[PDB]
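Printed here is upload.cif (mmCIF, C-alpha atoms and all ligand atoms):
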data_entry
#
loop_
_atom_site.label_atom_id
_atom_site.label_comp_id
_atom_site.auth_asym_id
_atom_site.auth_seq_id
_atom_site.Cartn_x
_atom_site.Cartn_y
_atom_site.Cartn_z
CA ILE A 1 -98.09 178.09 -187.18
CA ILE A 2 -98.37 174.39 -186.19
CA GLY A 3 -94.89 172.86 -185.78
CA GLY A 4 -92.09 174.58 -187.64
CA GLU A 5 -89.63 176.81 -185.77
CA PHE A 6 -89.51 179.97 -183.71
CA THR A 7 -87.86 182.78 -185.71
CA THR A 8 -87.03 186.52 -185.47
CA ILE A 9 -87.99 189.46 -187.75
CA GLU A 10 -84.46 189.63 -189.27
CA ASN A 11 -85.28 186.28 -191.02
CA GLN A 12 -88.71 187.54 -192.28
CA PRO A 13 -88.20 191.35 -192.74
CA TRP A 14 -91.26 191.90 -194.99
CA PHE A 15 -93.55 190.59 -192.21
CA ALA A 16 -96.12 193.08 -190.80
CA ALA A 17 -97.83 192.48 -187.44
CA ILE A 18 -101.40 193.97 -187.52
CA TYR A 19 -103.31 194.85 -184.33
CA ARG A 20 -106.64 196.45 -183.46
CA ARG A 21 -107.36 199.12 -180.82
CA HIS A 22 -110.65 198.42 -178.97
CA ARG A 23 -112.83 200.93 -177.03
CA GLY A 24 -111.24 201.22 -173.57
CA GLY A 25 -107.71 201.06 -175.01
CA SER A 26 -107.03 197.28 -175.17
CA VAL A 27 -104.94 196.25 -178.17
CA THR A 28 -105.28 192.74 -179.64
CA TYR A 29 -103.46 190.93 -182.47
CA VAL A 30 -105.45 190.66 -185.74
CA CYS A 31 -103.48 189.20 -188.64
CA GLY A 32 -100.19 189.17 -190.46
CA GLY A 33 -99.29 191.13 -193.57
CA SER A 34 -96.45 191.74 -196.05
CA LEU A 35 -94.63 194.97 -196.96
CA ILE A 36 -94.78 195.27 -200.83
CA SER A 37 -93.51 198.88 -201.09
CA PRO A 38 -92.55 201.43 -198.34
CA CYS A 39 -96.17 202.79 -198.01
CA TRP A 40 -98.07 199.58 -198.67
CA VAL A 41 -98.87 196.42 -196.68
CA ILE A 42 -100.86 193.58 -198.34
CA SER A 43 -103.08 191.30 -196.24
CA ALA A 44 -106.49 189.50 -196.39
CA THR A 45 -109.89 191.32 -196.49
CA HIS A 46 -111.43 188.76 -193.98
CA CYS A 47 -109.12 190.19 -191.25
CA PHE A 48 -110.90 193.60 -191.51
CA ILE A 49 -114.37 193.15 -193.08
CA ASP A 50 -116.23 193.14 -189.71
CA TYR A 51 -114.35 196.24 -188.41
CA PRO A 52 -113.68 198.18 -191.66
CA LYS A 53 -112.55 201.37 -189.82
CA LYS A 54 -108.90 202.25 -190.75
CA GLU A 55 -108.51 204.24 -187.49
CA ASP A 56 -108.82 201.01 -185.45
CA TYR A 57 -105.58 199.48 -186.80
CA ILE A 58 -101.92 199.54 -185.73
CA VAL A 59 -99.23 198.06 -188.02
CA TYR A 60 -95.70 197.13 -186.89
CA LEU A 61 -92.72 196.35 -189.09
CA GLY A 62 -89.49 194.92 -187.64
CA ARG A 63 -91.39 193.30 -184.71
CA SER A 64 -90.33 189.75 -183.54
CA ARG A 65 -92.56 189.33 -180.49
CA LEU A 66 -96.29 189.68 -179.86
CA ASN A 67 -95.70 191.87 -176.69
CA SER A 68 -92.11 193.22 -176.99
CA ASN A 69 -90.97 196.44 -178.66
CA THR A 70 -88.22 194.80 -180.78
CA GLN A 71 -85.10 196.94 -181.28
CA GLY A 72 -85.47 198.69 -184.66
CA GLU A 73 -89.25 198.15 -184.97
CA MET A 74 -91.46 200.86 -186.58
CA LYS A 75 -95.13 201.62 -185.60
CA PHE A 76 -97.74 202.84 -188.17
CA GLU A 77 -101.38 203.85 -188.52
CA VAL A 78 -103.48 203.07 -191.63
CA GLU A 79 -103.89 206.00 -194.03
CA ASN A 80 -106.11 203.93 -196.40
CA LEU A 81 -107.74 200.53 -195.83
CA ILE A 82 -108.58 199.06 -199.25
CA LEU A 83 -110.79 196.00 -199.22
CA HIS A 84 -111.54 193.98 -202.36
CA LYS A 85 -115.08 194.99 -203.53
CA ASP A 86 -116.02 191.41 -204.46
CA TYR A 87 -114.87 189.78 -201.19
CA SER A 88 -117.14 187.03 -199.81
CA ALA A 89 -116.99 184.09 -197.45
CA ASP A 90 -118.66 180.69 -197.79
CA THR A 91 -118.62 178.03 -194.97
CA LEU A 92 -114.93 177.44 -195.79
CA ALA A 93 -113.85 179.27 -198.97
CA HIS A 94 -113.02 182.99 -198.84
CA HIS A 95 -113.20 184.84 -202.19
CA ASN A 96 -111.04 187.82 -203.25
CA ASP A 97 -109.37 187.56 -199.77
CA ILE A 98 -106.98 190.45 -200.38
CA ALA A 99 -106.60 193.90 -198.81
CA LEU A 100 -104.17 196.79 -199.04
CA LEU A 101 -103.14 199.00 -196.08
CA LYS A 102 -101.43 202.28 -196.93
CA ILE A 103 -99.25 202.88 -193.85
CA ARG A 104 -98.02 206.11 -192.32
CA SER A 105 -96.00 206.94 -189.15
CA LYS A 106 -97.30 209.65 -186.76
CA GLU A 107 -94.85 211.98 -188.62
CA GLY A 108 -96.49 211.08 -191.96
CA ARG A 109 -93.75 208.81 -193.32
CA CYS A 110 -93.77 205.40 -194.91
CA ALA A 111 -91.45 202.50 -193.91
CA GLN A 112 -87.68 203.10 -193.80
CA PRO A 113 -85.91 199.94 -195.14
CA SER A 114 -83.38 198.46 -192.65
CA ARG A 115 -81.87 195.14 -191.60
CA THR A 116 -85.23 194.19 -189.94
CA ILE A 117 -87.63 196.03 -192.39
CA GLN A 118 -87.57 195.05 -196.12
CA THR A 119 -90.03 194.80 -198.99
CA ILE A 120 -91.00 191.44 -200.64
CA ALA A 121 -91.16 191.23 -204.44
CA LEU A 122 -94.52 190.63 -206.11
CA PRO A 123 -94.81 187.77 -208.66
CA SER A 124 -94.99 188.31 -212.44
CA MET A 125 -98.17 187.48 -214.48
CA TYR A 126 -98.78 183.73 -215.33
CA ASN A 127 -95.58 182.73 -213.46
CA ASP A 128 -96.28 180.86 -210.19
CA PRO A 129 -93.89 178.07 -208.97
CA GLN A 130 -94.60 174.49 -210.09
CA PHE A 131 -96.53 172.09 -207.77
CA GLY A 132 -94.13 170.40 -205.27
CA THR A 133 -92.10 173.66 -204.72
CA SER A 134 -91.20 174.35 -201.07
CA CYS A 135 -92.38 177.75 -199.77
CA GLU A 136 -92.25 179.41 -196.36
CA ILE A 137 -95.04 180.79 -194.18
CA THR A 138 -94.67 183.17 -191.23
CA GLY A 139 -96.99 184.24 -188.41
CA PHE A 140 -98.05 184.68 -184.80
CA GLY A 141 -100.97 182.21 -185.36
CA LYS A 142 -101.94 179.26 -183.12
CA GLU A 143 -99.34 176.53 -182.37
CA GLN A 144 -102.20 173.98 -181.87
CA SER A 145 -105.83 174.03 -183.14
CA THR A 146 -107.10 173.78 -179.50
CA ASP A 147 -105.02 176.74 -178.22
CA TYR A 148 -106.80 180.05 -177.51
CA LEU A 149 -103.56 182.04 -176.95
CA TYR A 150 -101.09 182.93 -179.67
CA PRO A 151 -97.30 182.30 -179.35
CA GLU A 152 -95.28 185.22 -177.94
CA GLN A 153 -92.41 184.58 -180.43
CA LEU A 154 -92.79 184.79 -184.25
CA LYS A 155 -92.81 181.39 -186.00
CA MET A 156 -92.07 180.07 -189.48
CA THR A 157 -92.43 176.79 -191.37
CA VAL A 158 -91.98 175.32 -194.85
CA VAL A 159 -94.86 173.76 -196.87
CA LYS A 160 -95.17 172.38 -200.45
CA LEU A 161 -97.42 173.81 -203.17
CA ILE A 162 -100.30 171.53 -204.22
CA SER A 163 -101.83 171.61 -207.76
CA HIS A 164 -105.40 172.86 -208.45
CA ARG A 165 -106.42 169.36 -209.79
CA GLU A 166 -105.18 167.74 -206.51
CA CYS A 167 -106.74 170.36 -204.28
CA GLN A 168 -110.11 169.95 -206.09
CA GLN A 169 -110.19 166.19 -205.20
CA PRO A 170 -113.30 165.08 -203.15
CA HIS A 171 -111.36 164.31 -199.89
CA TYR A 172 -109.57 167.68 -200.26
CA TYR A 173 -111.78 170.74 -201.10
CA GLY A 174 -113.70 169.67 -204.25
CA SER A 175 -115.07 172.62 -206.27
CA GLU A 176 -114.81 174.91 -203.16
CA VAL A 177 -111.20 175.81 -204.08
CA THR A 178 -110.94 177.94 -207.27
CA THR A 179 -108.16 178.77 -209.82
CA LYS A 180 -107.73 182.14 -207.99
CA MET A 181 -106.58 180.15 -204.87
CA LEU A 182 -103.36 178.27 -204.21
CA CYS A 183 -103.10 175.19 -201.96
CA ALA A 184 -100.02 174.34 -199.86
CA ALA A 185 -99.32 171.80 -197.09
CA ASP A 186 -96.90 169.36 -195.40
CA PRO A 187 -97.04 165.89 -197.17
CA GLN A 188 -96.95 164.40 -193.59
CA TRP A 189 -99.66 166.88 -192.28
CA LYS A 190 -97.47 167.81 -189.20
CA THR A 191 -96.91 171.51 -189.98
CA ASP A 192 -99.22 174.27 -191.30
CA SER A 193 -100.59 177.82 -190.93
CA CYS A 194 -103.55 178.19 -188.52
CA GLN A 195 -106.01 180.81 -187.19
CA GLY A 196 -104.02 183.99 -186.46
CA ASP A 197 -101.68 183.39 -189.43
CA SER A 198 -104.31 184.89 -191.85
CA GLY A 199 -103.15 187.74 -194.08
CA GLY A 200 -99.51 186.65 -193.67
CA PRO A 201 -97.07 185.71 -196.46
CA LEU A 202 -96.49 182.49 -198.39
CA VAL A 203 -93.04 183.22 -199.87
CA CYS A 204 -91.58 181.09 -202.67
CA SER A 205 -88.11 181.31 -204.16
CA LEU A 206 -88.74 181.42 -207.96
CA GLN A 207 -85.92 181.64 -210.52
CA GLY A 208 -83.66 182.65 -207.60
CA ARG A 209 -86.00 185.44 -206.44
CA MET A 210 -87.92 185.48 -203.11
CA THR A 211 -91.53 186.21 -204.16
CA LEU A 212 -94.87 186.87 -202.40
CA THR A 213 -96.71 183.96 -204.06
CA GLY A 214 -99.59 183.75 -201.59
CA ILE A 215 -101.50 185.32 -198.69
CA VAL A 216 -102.83 183.03 -195.85
CA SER A 217 -106.58 182.88 -196.38
CA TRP A 218 -108.38 179.75 -195.14
CA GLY A 219 -108.26 176.06 -194.23
CA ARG A 220 -110.35 173.28 -192.70
CA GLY A 221 -108.80 172.75 -189.27
CA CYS A 222 -104.97 173.13 -188.96
CA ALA A 223 -102.42 170.51 -190.13
CA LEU A 224 -105.47 168.27 -190.80
CA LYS A 225 -105.00 165.29 -193.20
CA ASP A 226 -106.13 166.15 -196.79
CA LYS A 227 -106.96 169.72 -195.74
CA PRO A 228 -104.24 172.04 -197.15
CA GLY A 229 -103.76 175.69 -196.24
CA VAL A 230 -105.52 177.83 -198.89
CA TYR A 231 -103.82 181.04 -200.04
CA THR A 232 -104.91 183.97 -202.21
CA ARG A 233 -102.92 183.54 -205.47
CA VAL A 234 -101.17 186.94 -205.68
CA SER A 235 -100.29 186.62 -209.45
CA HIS A 236 -104.05 186.74 -210.36
CA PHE A 237 -104.50 190.01 -208.46
CA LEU A 238 -101.60 192.00 -210.06
CA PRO A 239 -103.98 194.34 -212.08
CA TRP A 240 -106.01 195.03 -208.87
CA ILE A 241 -102.78 195.59 -206.75
CA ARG A 242 -101.28 197.98 -209.39
CA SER A 243 -104.61 199.87 -209.76
CA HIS A 244 -105.16 200.26 -206.01
CA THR A 245 -101.54 201.31 -205.17
CA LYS A 246 -101.58 204.13 -207.81
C1 LIG B 301 -108.77 174.83 -186.41
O1 LIG B 301 -109.18 175.39 -187.67
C2 LIG B 301 -108.72 176.66 -187.94
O2 LIG B 301 -108.34 177.37 -187.00
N1 LIG B 301 -108.69 177.03 -189.24
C3 LIG B 301 -108.31 178.24 -189.70
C4 LIG B 301 -109.01 179.39 -189.29
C5 LIG B 301 -108.69 180.65 -189.81
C6 LIG B 301 -107.72 180.77 -190.82
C7 LIG B 301 -106.99 179.65 -191.22
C8 LIG B 301 -106.02 179.77 -192.23
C9 LIG B 301 -105.31 178.64 -192.66
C10 LIG B 301 -105.59 177.37 -192.12
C11 LIG B 301 -104.83 176.25 -192.51
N2 LIG B 301 -105.21 174.98 -192.28
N3 LIG B 301 -103.66 176.42 -193.10
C12 LIG B 301 -106.60 177.25 -191.15
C13 LIG B 301 -107.29 178.37 -190.67
#

Take the structure from the file and write it as structure tokens.
Ligand SMILES: COC(=O)Nc1cccc2ccc(C(=N)N)cc12
Amino acid sequence: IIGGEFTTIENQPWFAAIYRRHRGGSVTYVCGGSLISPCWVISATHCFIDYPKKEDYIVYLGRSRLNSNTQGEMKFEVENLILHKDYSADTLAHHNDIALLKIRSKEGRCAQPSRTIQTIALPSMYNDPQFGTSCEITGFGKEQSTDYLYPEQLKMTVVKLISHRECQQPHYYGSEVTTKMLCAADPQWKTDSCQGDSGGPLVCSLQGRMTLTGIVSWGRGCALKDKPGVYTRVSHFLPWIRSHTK
């Protein structure tokens, strides 16, 4: 997250921190995710496509820091790694950038809701917020495009949804951004999601309900003028989510 504010997991309790175990035992941060039901975390296929082995992943819930075992946090392994069959990546655009991770503790249990671990509601069909709506993003992603390290403390920011017609403008993304993708950015281009924030939530309050409207997917640079953050539009994927969580 470029700009914005440092936060804690109690403010973003649906946030899942996803890591990968390498040969030799080193563990590195991969992507963010969102808890949609006790056994299920939703993220982006691009985070996993190159290492599609469920055994490699570690998922934390209730974790506020990149290298601290936050009081009340829960550690999980991945029982099922479901990637979208029609996923693909162009130079910029990522297609069907959605993945499901069925989580399980070493004891075989799913998440136990608490003050720091909570689910996030899915949107309803054909009901996304109007353009101009303010939504929040959360992640352990880069604080500056030129950084190589990720921030130790969890960050959040607020961005505004951008219409498909605006995002398809020539100086924006043209025909590279599709109706299955949602654009969002800061009108002043000072704050945004960045590399490392992928798979994380774009949460919008709609009709008084906090909803998982998007999943961080892609973007040209970070907080770059006329280059919004591009998010998987969760409402389009409701039949796929329902079918793959059954
Ligand atoms: C410096 O360019 C990047 O690091 N871009 C990005 C790489 C990987 C994922 C990204 C996701 C969102 C964005 C964005 N601009 N919001 C940018 C991303």

Please identify all polymer residues within 9 Å of stretch 232-236 of chain A, counting only C-alpha atoms, omitting same-chain residues fewer than 4 positions from it, and present them as a PyMOL selection string.
-> chain A and resi 44+94-98+122-128+179-183+212-218+240-241

Given the choices A:246, A:102, A:53, A:142, which gets closest to ligand LIG 301 (chain B) if the distance is worked out from only C-alpha atoms and all ligand atoms?
-> A:142

With all atoms listed in the file counted, collect every polymer residue having an atom within 7 Å of ligand LIG 301 (chain B); state the result as a PyMOL selection string.
-> chain A and resi 145+192-198+216-224+227-230

Preceding selection exported with C-alpha atoms as an mmCIF file, in the frame of the given file:
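part_2.cif, written as the output of this step:
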data_model
loop_
_atom_site.group_PDB
_atom_site.id
_atom_site.type_symbol
_atom_site.label_atom_id
_atom_site.label_comp_id
_atom_site.auth_asym_id
_atom_site.auth_seq_id
_atom_site.Cartn_x
_atom_site.Cartn_y
_atom_site.Cartn_z
ATOM 1 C CA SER A 145 -105.830 174.030 -183.140
ATOM 2 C CA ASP A 192 -99.220 174.270 -191.300
ATOM 3 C CA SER A 193 -100.590 177.820 -190.930
ATOM 4 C CA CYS A 194 -103.550 178.190 -188.520
ATOM 5 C CA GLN A 195 -106.010 180.810 -187.190
ATOM 6 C CA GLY A 196 -104.020 183.990 -186.460
ATOM 7 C CA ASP A 197 -101.680 183.390 -189.430
ATOM 8 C CA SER A 198 -104.310 184.890 -191.850
ATOM 9 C CA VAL A 216 -102.830 183.030 -195.850
ATOM 10 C CA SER A 217 -106.580 182.880 -196.380
ATOM 11 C CA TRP A 218 -108.380 179.750 -195.140
ATOM 12 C CA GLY A 219 -108.260 176.060 -194.230
ATOM 13 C CA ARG A 220 -110.350 173.280 -192.700
ATOM 14 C CA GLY A 221 -108.800 172.750 -189.270
ATOM 15 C CA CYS A 222 -104.970 173.130 -188.960
ATOM 16 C CA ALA A 223 -102.420 170.510 -190.130
ATOM 17 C CA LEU A 224 -105.470 168.270 -190.800
ATOM 18 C CA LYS A 227 -106.960 169.720 -195.740
ATOM 19 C CA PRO A 228 -104.240 172.040 -197.150
ATOM 20 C CA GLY A 229 -103.760 175.690 -196.240
ATOM 21 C CA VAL A 230 -105.520 177.830 -198.890
#

Would you be able to write out as a ChimeraX atom specification which residues have an atom within 12 Å of (-94.5, 172.7, -199.8) in the file's coordinates, counting all atoms listed in the file?
-> /A:129-137,157-163,182-189,191-193,202-205,228-229

Interatomic distance, atom CA of residue A:46 to atom CA of residue A:199 (Å, one decimal) |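 We find that atom CA of residue A:46 and atom CA of residue A:199 lie 8.3 Å from each other.
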
Residue nearest residue A:51 among A:178, A:73, A:33, A:20 (counting all atoms listed in the file) | A:20

Here atom CA of residue A:49 and atom CA of residue A:174 stand apart by 26.0 Å

With N, CA and C atoms as the goal, would you fill in the gaps in stretch 173-191 of chain A and present it as a PDB file, keeping the file's coordinate frame?
ATOM      1  N   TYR A 173    -110.729 169.717-201.137  1.00  0.00           N
ATOM      2  CA  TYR A 173    -111.780 170.740-201.100  1.00  0.00           C
ATOM      3  C   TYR A 173    -112.842 170.713-202.233  1.00  0.00           C
ATOM      4  N   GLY A 174    -112.760 169.746-203.141  1.00  0.00           N
ATOM      5  CA  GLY A 174    -113.700 169.670-204.250  1.00  0.00           C
ATOM      6  C   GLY A 174    -113.737 170.957-205.055  1.00  0.00           C
ATOM      7  N   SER A 175    -114.934 171.366-205.512  1.00  0.00           N
ATOM      8  CA  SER A 175    -115.070 172.620-206.270  1.00  0.00           C
ATOM      9  C   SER A 175    -115.041 173.880-205.412  1.00  0.00           C
ATOM     10  N   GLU A 176    -114.864 173.745-204.071  1.00  0.00           N
ATOM     11  CA  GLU A 176    -114.810 174.910-203.160  1.00  0.00           C
ATOM     12  C   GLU A 176    -113.551 175.732-203.390  1.00  0.00           C
ATOM     13  N   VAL A 177    -112.458 175.090-203.825  1.00  0.00           N
ATOM     14  CA  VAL A 177    -111.200 175.810-204.080  1.00  0.00           C
ATOM     15  C   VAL A 177    -111.149 176.178-205.568  1.00  0.00           C
ATOM     16  N   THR A 178    -110.883 177.461-205.887  1.00  0.00           N
ATOM     17  CA  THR A 178    -110.940 177.940-207.270  1.00  0.00           C
ATOM     18  C   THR A 178    -109.535 178.166-207.835  1.00  0.00           C
ATOM     19  N   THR A 179    -109.439 178.508-209.138  1.00  0.00           N
ATOM     20  CA  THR A 179    -108.160 178.770-209.820  1.00  0.00           C
ATOM     21  C   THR A 179    -107.500 180.052-209.321  1.00  0.00           C
ATOM     22  N   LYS A 180    -108.262 180.909-208.602  1.00  0.00           N
ATOM     23  CA  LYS A 180    -107.730 182.140-207.990  1.00  0.00           C
ATOM     24  C   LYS A 180    -107.099 181.863-206.596  1.00  0.00           C
ATOM     25  N   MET A 181    -107.090 180.589-206.168  1.00  0.00           N
ATOM     26  CA  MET A 181    -106.580 180.150-204.870  1.00  0.00           C
ATOM     27  C   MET A 181    -105.468 179.136-205.068  1.00  0.00           C
ATOM     28  N   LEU A 182    -104.496 179.173-204.180  1.00  0.00           N
ATOM     29  CA  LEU A 182    -103.360 178.270-204.210  1.00  0.00           C
ATOM     30  C   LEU A 182    -103.334 177.398-202.947  1.00  0.00           C
ATOM     31  N   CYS A 183    -103.210 176.086-203.119  1.00  0.00           N
ATOM     32  CA  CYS A 183    -103.100 175.190-201.960  1.00  0.00           C
ATOM     33  C   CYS A 183    -101.665 174.898-201.657  1.00  0.00           C
ATOM     34  N   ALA A 184    -101.351 174.724-200.356  1.00  0.00           N
ATOM     35  CA  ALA A 184    -100.020 174.340-199.860  1.00  0.00           C
ATOM     36  C   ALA A 184    -100.117 173.639-198.512  1.00  0.00           C
ATOM     37  N   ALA A 185     -99.308 172.589-198.332  1.00  0.00           N
ATOM     38  CA  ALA A 185     -99.320 171.800-197.090  1.00  0.00           C
ATOM     39  C   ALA A 185     -98.066 170.925-196.936  1.00  0.00           C
ATOM     40  N   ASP A 186     -97.947 170.321-195.742  1.00  0.00           N
ATOM     41  CA  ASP A 186     -96.900 169.360-195.400  1.00  0.00           C
ATOM     42  C   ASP A 186     -97.386 167.990-195.914  1.00  0.00           C
ATOM     43  N   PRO A 187     -96.605 167.246-196.752  1.00  0.00           N
ATOM     44  CA  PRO A 187     -97.040 165.890-197.170  1.00  0.00           C
ATOM     45  C   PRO A 187     -97.366 164.970-195.980  1.00  0.00           C
ATOM     46  N   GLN A 188     -96.710 165.184-194.811  1.00  0.00           N
ATOM     47  CA  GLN A 188     -96.950 164.400-193.590  1.00  0.00           C
ATOM     48  C   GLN A 188     -98.010 165.031-192.678  1.00  0.00           C
ATOM     49  N   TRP A 189     -98.591 166.195-193.056  1.00  0.00           N
ATOM     50  CA  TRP A 189     -99.660 166.880-192.280  1.00  0.00           C
ATOM     51  C   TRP A 189     -99.269 167.213-190.803  1.00  0.00           C
ATOM     52  N   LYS A 190     -97.986 167.474-190.549  1.00  0.00           N
ATOM     53  CA  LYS A 190     -97.470 167.810-189.200  1.00  0.00           C
ATOM     54  C   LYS A 190     -97.306 169.292-188.972  1.00  0.00           C
ATOM     55  N   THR A 191     -97.137 170.067-190.054  1.00  0.00           N
ATOM     56  CA  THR A 191     -96.910 171.510-189.980  1.00  0.00           C
ATOM     57  C   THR A 191     -97.839 172.274-190.925  1.00  0.00           C
TER      58      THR A 191
END
